[PDB]
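Here the structure comes first, spelled out in structure tokens, and everything after it is commentary.
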Amino acid sequence: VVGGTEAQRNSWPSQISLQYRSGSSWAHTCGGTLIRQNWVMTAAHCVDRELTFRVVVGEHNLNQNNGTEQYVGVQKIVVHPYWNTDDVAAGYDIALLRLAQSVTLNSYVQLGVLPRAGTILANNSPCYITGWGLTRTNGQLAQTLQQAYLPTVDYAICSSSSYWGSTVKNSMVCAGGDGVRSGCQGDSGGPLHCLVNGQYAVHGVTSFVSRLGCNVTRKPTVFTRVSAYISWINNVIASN
Ligand SMILES: [Ca+2]
């Protein structure tokens, strides 16, 4: 996250870290949101490569023990049917990881609340992005979890010519673009948490940023819109 601040350790409990095995070490690649004790929601481009993945919940500092972590392997990866790697502007950037074991829910491991189906936010709605991704465009990952206030840019303003044009679709939520704060690589797959009726709900799955950079005036972070996927999600969880 470019432009944020350290989250408190109990703040975002549904946030998970998605890591892959590199040699005999383990490295952070993406975020995710715990939605069942055995299912994580993440971006599809995160699990494109044929890597061994593991999920860390209740994680806060990547390099130190926090005394709150739970590590569990991924037994099945279910990507949207229509996802195409050569086109992230096409959408369907969402995937479901069933965990090899169920995690224990406590003050650090809680489930993400998803939006009702079809729910669109009013423009400039208060949302926070969270994650361990880059803190500078072309910089390096953060060790502690970062958060940043990112208000939505609605689909009309966002598909207009000064913002994202035709690159963005209505299956996606835009947030930010002040050119100071934003998501960045390592944040993908992670949550966009939007306050709605006194509760925070996970409305976005971080998907992408501009090739120019992460924080760029009028190039908000593009998230996959979760409220467009509730029925697909639920059809997958009730099978496996
Ligand atoms: Ca740790």
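Indexing begins at 1, ligand by ligand and atom by atom, following the structure's order. Here, residue 1 is the first one in the sequence, and each next residue gets the next number. Reckoned from all heavy atoms, side chains included, excluding hydrogens, waters and symmetry mates.
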Problem set entry | Heavy-atom side-chain proximity of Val216 to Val209 below 4.5 angstrom | no
Exercise. Do any N/O/S atoms of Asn63 come under 3.0 Å of the Ca ion (ligand 1)?
Worked result: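 Given the 3.0 Å cut-off, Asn63 does not count as a ligand of the Ca ion (ligand 1).
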Exercise. Any N/O/S atom of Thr68 sitting less than 3.0 Å from the Ca ion (ligand 1), backbone or side chain?
Worked result: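 It does not; every qualifying atom lies at 3.0 Å or beyond.
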Problem set entry | Qualifying residue for side-chain hydrogen bond (donor to acceptor under 3.5 Å, both in side chains) with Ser17, from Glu59, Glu69, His28 | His28
Problem set entry | Vertex the Ca ion (ligand 1), arms to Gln64 O and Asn66 OD1, rounded to 10° |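 For O of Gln64 and OD1 of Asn66, the angle centred on the Ca ion (ligand 1) reads 90°.
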Problem set entry | Apex the Ca ion (ligand 1) - arms OE2 from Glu69 and OE1 from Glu59 - angle rounded to 10° | 80°
For this session: State, without any angle test, whether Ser188 and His45 hold a side-chain donor-acceptor pair at a distance under 3.5 Å.
Result: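 Yes, side-chain donor-acceptor contact under 3.5 Å.
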Exercise. With under 30° as parallel and over 60° as perpendicular, where do the rings of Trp232 and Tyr229 fit, or are they tilted in between?
Worked result: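 Rings of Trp232 and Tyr229: perpendicular, as their planes differ by over 60°.
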